[PDB]
Every structure is written in structure tokens, then in C-alpha cells.
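To keep things clear, I will list the structure first and then write my remarks on it.
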4 protein chains.
Amino acid sequence: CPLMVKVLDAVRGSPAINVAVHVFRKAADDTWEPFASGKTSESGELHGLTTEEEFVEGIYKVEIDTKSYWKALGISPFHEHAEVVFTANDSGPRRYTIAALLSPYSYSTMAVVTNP
Amino acid sequence: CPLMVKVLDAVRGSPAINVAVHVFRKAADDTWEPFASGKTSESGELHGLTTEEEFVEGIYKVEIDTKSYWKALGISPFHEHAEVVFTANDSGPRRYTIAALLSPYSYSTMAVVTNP
Amino acid sequence: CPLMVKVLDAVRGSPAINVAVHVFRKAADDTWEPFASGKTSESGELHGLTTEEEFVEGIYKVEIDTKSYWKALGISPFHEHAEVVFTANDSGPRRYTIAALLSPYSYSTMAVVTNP
Amino acid sequence: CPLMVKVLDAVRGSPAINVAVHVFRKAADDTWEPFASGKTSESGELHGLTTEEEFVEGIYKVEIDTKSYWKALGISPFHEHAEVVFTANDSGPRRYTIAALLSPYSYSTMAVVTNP
């Protein structure tokens, strides 16, 4: 698992469950092409997005559909979504965890990049 | 201002100075049209991006060019940029302060919305 | 001010108004002596806590009474308070802005330190 | 494991390893008594602090020695430590994860409270 996404809810102190996440890779013509997607699990996690073979160096965008999440809870949110845009770099073996901490009018995102 | 951006540097404990910011507005054909741009001042603030008249209802994207900021300080950061996407003015004119707190592998963004 | 505190509410997208703040300074016997206190204004800001003369070198604690804030808005929050503990002025007088961004189960705090 | 602490480093995009953590419980005389302590693992995690039997309702403080961590990396930090103060509440079965995201001049903390 080279790429994992974790989403947490700072209003309820809980994982953010059933949040849609879309991953895109930047193509040669500068457009964002779909790469992977899914919904966070009961633990707020989305695993199984990609494989080492597929996850080549490039610019990726992770879009987290925060608005739908807050609307399902009845809470008016600020953002349309949260976006995390980054370059994947081969620099020895690497695993990326993209975490997002959600509030209605704020989010924080962190990247944890480790070498198994 | 109807729209102000504030950027802080969590490594130095200081405003993030000379940070480029680009604002886009979603057009009718679903593309991102350039709306306004500028650079943060010595206070980390960017004022004067738009006017009440020009800042109509819409979906806006504020793109903060964090990678360029970090690289100039000798840090190879994770993100390409910090992006903030939001519907504005859809219940009438509001004032928006978009704040970002930057670290090399993390950022936080908060919006303060006020009714004039 | 040599010391200013700013508190924001990430649920409402607004300043956190009427938030009690208590400042303490570590005394020679290792106890926390009361130093200054106040409440945030309608801008979420608390000014006028101390003076350059009184704000000597020391270890200071800024305690932000977040639980009381949340409870008054109908939220049962996680934290008792947000605490910020720091050495101040140990290479001469500085100005400190202590910012806090509040959610019910999370907060962020950032310090901006400037040399007058 | 009713109580777990996770510490992340936002400057390096990594777990924060070998960080000292101390847990205290508030005693009847309002003083903080040592409860549990340890050092974060290679994954930034500290497990095994307490047991269900021991971890009774009360006010707890988790102190994370951030200053020592940044000093070991050569990075000048703002905070003496990070503190997380909270009430444990029996409200059905409960597990607490206290996460901290560290930068030199900022930290964020989040509590994830779940029911196995």
C-alpha cells in the first residue's frame, strides 16, 4: 500500500466515515485524470487505492468530498472539498499517508512519508 | 476587503512573506477562470484582491504557492500548493479571510466569514 | 502589545468571542503565579494583558478556557482548556501573538514572534 | 488499550520518535499526580500507558516533551511542551487516541474517541 488516506472529524472526535475520496494524476496536457477513488471505512481510512507498480513519480491530487460529509450531518460547511496536491518522488522505498482533520470551516492535512 | 488571505510560517514563527496567491472562479463551462492574484506582504497578508462589485456569487479557488515559498528557504516540501475551494456570496455579500498556517509537510487553513 | 491572544472558532467560521484567558509565569519555587487575564473581544482578540516592563524573561503559560466557550454554545467538548507554555524574552524583548483555532475535539495553536 | 498517544513531525513528514510523554491525573487537592509515561516508538506511538481498570473517570493531562525533540534535531522551538488536558467520561465503552502534530512554532492536537 503506497498510498493511504485517513480522515478525521474534529467536531465529533471520530473517524470520518463514508467520505468520498478521489485521486487524480496530472497528465501531459496539464489536465487531472482520474487515478483511484473510494470511500473511507469505519476507521476513517481508505486503503487499496494503488499499487507500487502503478504509483509512479508524478503530480497527484487527492480530493476529499468534505461538503457531502458535513451536509449528511446537518452541519453547514465552508469548503467544497479538501484538496491535497503533491509530487510523488522515488527516493528509496516510500509509503505515503495523507491525513485530513476536518472541521466545518477549517481543515488540516498532514503527509507522513515512511520507508518500510 | 471582501477577500483577504493571511499566511503564516509555523517553522519560523513569522508571517509567510512574498507568497504568491492565485484566485480562480468557476466559469459556466466548469473551467477555472483567473480571477485575481497577488503576493503576501511583510505581514503575511494579501489585501486588495477584489471588490464587492466584482466578487459575485460563485465557486472560488484560492491557490497558495507554498512550494515556491519553502524552496526559497531551503526546504523541499511535500505539497505543490495549498488550495482552498469554496462557494462565496451565495446568501449575499460576505467578507472572507482565508488563513493558512504552513509547515513543510502540513498545512492548516481556516476561513473567517463575516456579514458586513 | 508584547503579548496578544487571538482565538478563532472553526465550527462557526468566526472569532471566538468572550473566551477567558489566564496567563501565568513560573516563579522561583516552580509554581505558576498568576500574571494576567482577560477575555477575548468581538474580534476574538485579547490585547492589553501586559507591558514591556512587566513582561520579563520567564516561562509563561497561556490558558485558554475553551471548555466554557463550547459549553455555552451547546457543545460538550473534549479539552478542559488549551494551554500554551513557552519561554519568553530570553534574548531580549519580543512581541508574541498566540493564536488558537478551536474545534470541539481539536485545537491548533500558533505563535508569531517578532522583534520590535 | 484505553489511552494511546500519537505524535507526528510536520517538518520531516514523519512520526516523532523517542518523544517523552507524561500522563498525570488530577488529585483531590488540585495537584497533578504522575499516572503513566513513556517514549514514542518508531511509529510515533505510545501504547500501554494504562488499563481499563486504572483509567477511571477524572481529569488527565498528557504532557509531550516537544522541546527536547526539536533540540535533538537542531531546530529552535517555541513551546516548552505540549499539553493536552481532558476529562475521561464513562459513556459506554471508550478508547482515546490523543494525536499531536508538531511544528517548531505550532502544534495541533486531536482526540479520537471510539467505542470498540
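Order determines the names: the first chain of the C-alpha cells is A, the second B, and so forth; residues in each chain are numbered 1 upward, and ligands are numbered 1 upward as they are shown.
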
C-alpha RMSD, in-order pairing, chain B superimposed onto chain A: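 Result of the CA superposition: 0.9 Å.
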
Region 6-20 of chain A: which residues within 9 Å, counting only C-alpha atoms, same-chain residues fewer than 4 positions away excluded, as a compact mmCIF listing (two decimals) with N, CA, C and O atoms, in the first residue's frame?
```txt
# COMPACT_ATOMS: atom_id res chain seq x y z
N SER A 37 -10.21 5.96 -6.59
CA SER A 37 -11.14 6.55 -5.66
C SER A 37 -11.75 5.50 -4.76
O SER A 37 -11.55 4.29 -4.92
N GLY A 38 -12.43 6.00 -3.73
CA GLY A 38 -13.12 5.13 -2.82
C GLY A 38 -13.83 5.95 -1.75
O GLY A 38 -13.92 7.17 -1.84
N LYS A 39 -14.31 5.28 -0.71
CA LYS A 39 -14.98 5.90 0.43
C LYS A 39 -14.25 5.46 1.69
O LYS A 39 -13.82 4.29 1.79
N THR A 40 -14.07 6.37 2.64
CA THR A 40 -13.40 5.96 3.88
C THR A 40 -14.22 4.91 4.61
O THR A 40 -15.46 4.91 4.58
N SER A 41 -13.51 4.02 5.28
CA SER A 41 -14.04 2.95 6.09
C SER A 41 -14.53 3.47 7.44
O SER A 41 -14.46 4.65 7.77
N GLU A 42 -14.99 2.50 8.26
CA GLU A 42 -15.39 2.81 9.65
C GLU A 42 -14.29 3.43 10.53
O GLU A 42 -14.57 4.06 11.54
N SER A 43 -13.05 3.20 10.14
CA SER A 43 -11.92 3.74 10.81
C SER A 43 -11.44 5.03 10.18
O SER A 43 -10.41 5.58 10.59
N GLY A 44 -12.18 5.57 9.19
CA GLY A 44 -11.75 6.80 8.55
C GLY A 44 -10.69 6.64 7.51
O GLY A 44 -10.15 7.60 7.06
N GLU A 45 -10.38 5.39 7.18
CA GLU A 45 -9.25 5.08 6.34
C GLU A 45 -9.66 4.60 4.96
O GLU A 45 -10.71 3.98 4.80
N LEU A 46 -8.86 4.91 3.96
CA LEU A 46 -9.02 4.35 2.66
C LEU A 46 -7.70 3.74 2.19
O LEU A 46 -6.68 4.47 2.01
N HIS A 47 -7.73 2.42 2.03
CA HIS A 47 -6.59 1.61 1.66
C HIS A 47 -6.88 1.07 0.24
O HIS A 47 -8.00 1.09 -0.28
N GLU A 63 -8.64 14.49 -3.65
CA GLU A 63 -9.78 15.36 -3.37
C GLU A 63 -10.70 14.61 -2.41
O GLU A 63 -11.13 13.50 -2.68
N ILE A 64 -11.00 15.25 -1.29
CA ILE A 64 -11.81 14.67 -0.24
C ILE A 64 -13.13 15.41 -0.22
O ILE A 64 -13.17 16.64 -0.07
N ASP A 65 -14.23 14.73 -0.48
CA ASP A 65 -15.52 15.39 -0.56
C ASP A 65 -16.07 15.70 0.84
O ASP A 65 -16.95 15.05 1.35
N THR A 66 -15.54 16.77 1.42
CA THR A 66 -15.92 17.20 2.77
C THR A 66 -17.32 17.78 2.83
O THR A 66 -17.99 17.62 3.82
N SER A 68 -20.08 17.01 1.25
CA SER A 68 -21.12 15.96 1.40
C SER A 68 -21.15 15.37 2.77
O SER A 68 -22.19 15.04 3.30
N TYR A 69 -19.96 15.22 3.36
CA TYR A 69 -19.84 14.66 4.70
C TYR A 69 -20.56 15.55 5.71
O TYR A 69 -21.40 15.07 6.47
N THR A 97 1.04 8.51 3.69
CA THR A 97 -0.20 8.63 4.34
C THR A 97 -0.61 10.08 4.32
O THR A 97 0.14 10.90 4.78
N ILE A 98 -1.75 10.34 3.75
CA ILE A 98 -2.36 11.67 3.68
C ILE A 98 -3.48 11.67 4.70
O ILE A 98 -4.46 10.96 4.52
N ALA A 99 -3.33 12.47 5.76
CA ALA A 99 -4.34 12.63 6.78
C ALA A 99 -4.98 13.97 6.65
O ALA A 99 -4.31 14.95 6.32
N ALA A 100 -6.24 14.01 6.95
CA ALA A 100 -7.01 15.23 6.94
C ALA A 100 -7.85 15.26 8.21
O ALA A 100 -8.59 14.33 8.49
N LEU A 101 -7.82 16.38 8.87
CA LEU A 101 -8.61 16.65 10.04
C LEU A 101 -9.65 17.71 9.72
O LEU A 101 -9.28 18.83 9.32
N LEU A 102 -10.90 17.32 9.78
CA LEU A 102 -11.97 18.15 9.24
C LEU A 102 -12.74 18.87 10.35
O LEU A 102 -13.23 18.26 11.31
N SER A 103 -12.94 20.15 10.08
CA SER A 103 -13.92 20.98 10.79
C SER A 103 -14.76 21.69 9.77
O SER A 103 -14.41 21.77 8.60
N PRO A 104 -15.89 22.28 10.18
CA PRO A 104 -16.73 22.89 9.13
C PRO A 104 -16.07 24.01 8.40
O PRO A 104 -16.27 24.14 7.20
N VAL C 11 -15.86 25.88 13.97
CA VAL C 11 -17.20 25.37 13.70
C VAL C 11 -18.04 26.45 13.04
O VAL C 11 -18.77 26.18 12.07
N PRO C 77 -17.27 19.52 24.63
CA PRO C 77 -16.02 19.42 24.05
C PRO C 77 -15.14 18.51 24.79
O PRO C 77 -15.39 18.15 25.96
N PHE C 78 -14.05 18.16 24.15
CA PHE C 78 -13.11 17.23 24.71
C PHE C 78 -12.18 17.83 25.76
O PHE C 78 -11.96 17.32 26.86
N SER C 103 -11.85 23.70 17.73
CA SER C 103 -12.94 22.80 17.39
C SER C 103 -13.27 22.03 18.63
O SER C 103 -12.47 21.94 19.56
N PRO C 104 -14.40 21.30 18.64
CA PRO C 104 -14.78 20.63 19.88
C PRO C 104 -13.82 19.55 20.31
O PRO C 104 -13.64 19.38 21.52
N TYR C 105 -13.19 18.84 19.38
CA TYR C 105 -12.28 17.77 19.74
C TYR C 105 -10.84 18.01 19.24
O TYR C 105 -10.02 17.09 19.26
N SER C 106 -10.54 19.24 18.90
CA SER C 106 -9.24 19.59 18.37
C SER C 106 -8.96 21.05 18.57
O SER C 106 -9.86 21.82 18.49
N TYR C 107 -7.71 21.41 18.79
CA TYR C 107 -7.31 22.77 18.58
C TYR C 107 -5.92 22.83 18.02
O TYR C 107 -5.12 21.86 18.12
N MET D 110 -5.55 16.50 18.40
CA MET D 110 -6.85 15.96 18.09
C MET D 110 -7.09 14.81 19.00
O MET D 110 -6.17 14.10 19.41
N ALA D 111 -8.35 14.62 19.42
CA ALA D 111 -8.76 13.46 20.20
C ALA D 111 -9.76 12.67 19.35
O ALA D 111 -10.73 13.18 18.91
N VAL D 112 -9.47 11.39 19.21
CA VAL D 112 -10.35 10.45 18.53
C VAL D 112 -10.86 9.56 19.65
O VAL D 112 -10.06 8.90 20.34
N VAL D 113 -12.18 9.60 19.91
CA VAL D 113 -12.79 8.77 20.96
C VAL D 113 -13.76 7.81 20.34
O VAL D 113 -14.66 8.21 19.68
N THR D 114 -13.44 6.52 20.42
CA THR D 114 -14.25 5.44 19.77
C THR D 114 -14.68 4.40 20.76
O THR D 114 -14.17 4.33 21.82
```

Residue set, region 60-98 of chain B restricted to strand (DSSP E or B), as a VMD selection string: chain B and resid 60 to 64 79 to 88 90 92 95 to 98

Distance in Å - CA of residue 83 (chain B) versus CA of residue 4 (chain C):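 Answer for the CA of residue 83 (chain B) to CA of residue 4 (chain C) separation: 28.6 Å.
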
Pick from D:58, D:116, D:28, D:72, whichever lies nearest to residue 88 (chain D) using only C-alpha atoms: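 Using only C-alpha atoms, residue 88 (chain D) sits closest to D:58.
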
Residue contacts of residue 51 (chain A) (10 Å, only C-alpha atoms) excluding same-chain residues fewer than 5 positions away, as a list in words: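 Near neighbours after the sequence-gap exclusion: residues 1, 2, 3 and 56 of chain A.
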
Of the listed residues D:30, D:62, D:54, D:115, that which approaches residue 86 (chain D) most closely, counting only C-alpha atoms: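 Of the candidates, the smallest distance to residue 86 (chain D) is held by D:62.
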
Backbone DSSP call of alpha helix (DSSP H) for chain A, listed as a list in words: residues 66, 67, 68, 69, 70, 71 and 72 of chain A

Create the file for the chosen residues now, containing C-alpha atoms and written as a JSON list (two decimals), in the first residue's frame.
```
[["chain", "number", "residue", "atom", "x", "y", "z"],
["A", 66, "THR", "CA", -15.92, 17.20, 2.77],
["A", 67, "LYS", "CA", -19.03, 19.09, 1.80],
["A", 68, "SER", "CA", -21.12, 15.96, 1.40],
["A", 69, "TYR", "CA", -19.84, 14.66, 4.70],
["A", 70, "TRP", "CA", -20.90, 17.79, 6.65],
["A", 71, "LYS", "CA", -24.23, 18.03, 4.81],
["A", 72, "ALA", "CA", -25.01, 14.43, 5.85]]
```

Interatomic distance, CA of residue 87 (chain B) to CA of residue 109 (chain D) (Å, one decimal):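 Computed distance, CA of residue 87 (chain B) to CA of residue 109 (chain D), equals 28.2 Å.
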
Nearest candidate to chain B (options D:84, D:79, D:89, D:32; using only C-alpha atoms):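 Closest residue, counting only C-alpha atoms: D:79.
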
C:81, C:22, C:94, C:61 ranked by distance to chain B, top pick (using only C-alpha atoms):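 Distance minimum relative to chain B lands on C:94.
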
Minimum-distance residue to chain C, chosen among D:60, D:52, D:74, D:93 (using only C-alpha atoms): D:60

Which of D:75, D:36, D:59, D:21 sits closest to chain C [using only C-alpha atoms]: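 For chain C, the nearest of the candidates is D:59.
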